[PDB]
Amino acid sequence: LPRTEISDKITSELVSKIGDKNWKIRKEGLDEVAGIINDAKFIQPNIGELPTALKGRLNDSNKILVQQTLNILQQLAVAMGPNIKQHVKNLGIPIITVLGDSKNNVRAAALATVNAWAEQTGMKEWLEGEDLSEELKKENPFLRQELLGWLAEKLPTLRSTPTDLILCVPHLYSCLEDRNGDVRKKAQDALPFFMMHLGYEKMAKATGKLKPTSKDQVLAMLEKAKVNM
């Protein structure tokens, strides 16, 4: 039933053990954390230095620790509930970066983690601020693919898009001319769903900050978008 504060269980001993140079020792720190949360069942939104600890292992050199960290982020979302919207900018956005991993199973696990958080937070906290746009901006074709494909999926479930959604459009426009075809394809797929919220006038105008050639063709398929909303 009740919610415990677990930040008293996130010892300085434990933090450093998560950041050890031996991966088997780092795994010990994550095992305890996983057990702390499971044994708690439901927790308060204050988790001490654990965000800082988990942020680091999202980029671990051993990919089964990235994976255990994602599973721990998933169980955190469930154990904490909507209060986890508090950790979106500092902890949740680093999950998005994991979408740039070259291994599909790692990318798949990132997406499943982000979705698990979205269930408790809803999409608004993710779209607010330049933070997401900053990620999409990155010239990683795995991260662009997955992120755009994520937005294609989530946007049609929104009736309160923040002003800050416009921030993604310059980078959305990059992706329509990305080197990678899969990226170009998911940028195309996200075109309608951006317009639905931003309107055609903001979209077309935003093509003005493009080179003549790009601005030219972007508007073309931007007009094919006016077929649907």
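Don't overthink the numbering: it's just position in the shown sequence, from 1.
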Checklist entry - On average, which has the higher Cα B-factor in the deposited entry, 9-17 or 209-217? => result 209-217
Checklist outcome for this item: Stretch with higher mean Cα temperature factor, 63-71 vs 164-172, is 164-172
Checklist entry - From 36, 47, 30, 183, which pick has the Cα B-factor that tops the rest in the entry? => result 47
Item to check | Out of 58, 187, 53, 203, highest CA B-factor residue | outcome: 203
Checklist entry - What third of the chain, by the recorded C-alpha B-factor, contains residue 159? => result highest
